[PDB]
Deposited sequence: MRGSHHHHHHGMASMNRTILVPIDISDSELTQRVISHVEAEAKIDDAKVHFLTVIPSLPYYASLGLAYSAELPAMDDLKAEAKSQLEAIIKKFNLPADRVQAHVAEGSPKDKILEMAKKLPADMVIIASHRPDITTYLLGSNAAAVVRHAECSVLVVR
């Protein structure tokens, strides 16, 4: 039965805190499996400044860390342990979200509109791309 994708940006509490009741409600409808995905973004510009000569941490360690934080966030959702799965990817958030939505495949993607503290843009760049490009239903949470 139903598969729901919940992209999580571990860098912000509220983008997560907002979706909780929606993800739970959508899941309870028919005991769906809920896949949570955090994406460690690629750094093309910093790359051009010589930062990877210059050094960022190993991607293997960055993913292990991002995964541990995602795992803590997942536990904030009241969902049975067998209906949940944690994923970490590397890339543009929108690219990897859309890739996973296709690969699973997702029947619904549940995302926040944007970061709370910034009002100006009514839709964030990832939310906007995902809404437009997903092949499945997309719930934009406000």
item: Gaps in the model, given as deposited-sequence positions counted from residue 1; value: 1-15, 68
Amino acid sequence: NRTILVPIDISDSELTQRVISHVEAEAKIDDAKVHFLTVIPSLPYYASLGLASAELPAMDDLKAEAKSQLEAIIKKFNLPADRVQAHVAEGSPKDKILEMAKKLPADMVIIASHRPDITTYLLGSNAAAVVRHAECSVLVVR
From here on, numbers count along this sequence of modelled residues.
{"query": "70-78 versus 105-113 - which carries the larger mean C-alpha B factor in the record", "finding": "70-78"}
{"query": "Mean Cα B-factor comparison, 16-24 or 130-138, giving the higher one as deposited", "finding": "16-24"}
{"query": "Top Cα B factor in the deposited entry, candidates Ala86, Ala54, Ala89, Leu98", "finding": "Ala54"}
{"query": "Residue selected from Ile40, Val34, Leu37, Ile29 by maximal Cα B factor", "finding": "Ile29"}
{"query": "Chain thirds of CA B-factor: placement of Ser11", "finding": "middle"}
{"query": "Where the record places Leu122 (Cα B-factor, split into thirds across the chain)", "finding": "middle"}
